[PDB]
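Just the one chain here, the form solved without the partner chain, laid out as structure tokens.
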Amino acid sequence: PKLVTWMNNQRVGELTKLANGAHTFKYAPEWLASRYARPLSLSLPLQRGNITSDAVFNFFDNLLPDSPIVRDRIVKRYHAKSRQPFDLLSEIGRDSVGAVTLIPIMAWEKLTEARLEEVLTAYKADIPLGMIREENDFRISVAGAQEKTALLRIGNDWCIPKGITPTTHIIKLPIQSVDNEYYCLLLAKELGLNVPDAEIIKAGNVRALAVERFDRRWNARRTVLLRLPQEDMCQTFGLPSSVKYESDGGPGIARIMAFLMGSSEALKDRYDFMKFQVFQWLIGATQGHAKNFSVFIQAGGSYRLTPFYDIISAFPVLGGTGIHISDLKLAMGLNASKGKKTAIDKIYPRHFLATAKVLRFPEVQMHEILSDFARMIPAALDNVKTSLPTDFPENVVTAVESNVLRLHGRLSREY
């Protein structure tokens, strides 16, 4: 009937499902009066009274797994009153991306290599977000379409968080996606890009990716784990996940760049975002849509770009299923002499430079980005390969660097 919204230990407001089925949200007067109050989302600014725009249904919907099938698994796992966000969130809304806790502070259970394996293989039996039946106080929610789960790592042990206690890592299971991402992250970091740290975890015959969450922070002394307010671009624009791709009406480079002008770290964020476009291009990332970029909602409502994530290269999947390099399109196109430029195989430095111009992004900075990749790519690819476990799949490594070096050549001939 009514879900109270908290952020760590403070009450923010309440989400209610009215008689006509619409989702409404009201901020708590106390929260509004609080010291450094901030909105749940930039599409739901602080105000008194019921908010009833579609920006509310969409905001929370965006906290839920994208797949309609996973939602199916959830509705049956907890007998949800319906498939609507409110009802699914009533069941799994205690722990979600950012700092939003919905319920109608430190407790957990350590996992044995036997139970851990279970969790990590629960989906096999239509279990949503690895929330095995054995437990009933493990309610989490993560977006994205890739099969995953979330856990708490206290020390060197993996644990199932209880009540409203938070998780610290997103875990991705095998739907060769695990090795791929791991590789792109290490490559992203080697080039000085802001990305989370990940580590491959092995429980029996299972290989999963444990990514450190940047929406969670321990206090200095490591005694209290806090959640950090954060939202993806769809939420920030009040849009439904269904339109996350620019081709479906979602935001492109221009809109995000304009948006970033309001960042408390505008110049740097605008710089890092363009630098990331060049990166996605180099490694053949085709899924850089709107839910794959987020911002921190800081004290007072100010915002800032979070570290990049969900990095996967399409290169390793080429050939095997008929997918040709000619079919790889960036999710967000660049400026072209006429219209846009989306084919990765046809994109060159001139496209980034032209895009930068129409977006009032210093041209001296675009060149810097281009030249820095030019000289750094070879060594970066080298250094990474040597940090790979001997048991890492070689085809993945070959396809990635063979295809990168190919694209990279377009930069070295110029700079």
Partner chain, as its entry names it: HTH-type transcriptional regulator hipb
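Residue numbers count along the first chain shown, from 1.
The same protein also exists as the form solved in complex with the partner chain; that form is not shown, yet it is the one meant from here on.
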In this chain shown alone, the residue from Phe373, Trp31, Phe57, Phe352 with a heavy atom within 4.5 Å of the partner chain in the deposited bound form is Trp31
Checking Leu193, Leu226, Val206, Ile325 against the partner chain in the deposited bound form, the residue with a non-hydrogen atom inside 4.5 angstroms turns out to be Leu226
**Prompt:** With the partner absent here, would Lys202, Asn395 and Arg406 each sit within 4.5 Å of the partner chain in the deposited bound form, counting heavy atoms only?
**Reply:** no
Given 275-283, 298-306, 106-114, 317-325, the stretch touching the partner chain in the deposited bound form at heavy atoms within 4.5 Å is 298-306
4.5 angstroms heavy atom contact with the partner chain in the deposited bound form for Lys346: no
Decide whether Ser263 counts as a contact residue for the partner chain in the deposited bound form under a heavy atom distance cut-off of 4.5 Å. yes
TODO: Check whether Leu3 has any heavy atom within 4.5 Å of a heavy atom of the partner chain in the deposited bound form, and answer yes or no.
DONE: no
message: With a cut-off of 4.5 Å between heavy atoms, is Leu411 one of the residues that contacts the partner chain in the deposited bound form?
response: no
Within 1-16, the residues having any heavy atom within 4.5 Å of the partner chain in the deposited bound form are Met7, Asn8, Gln10
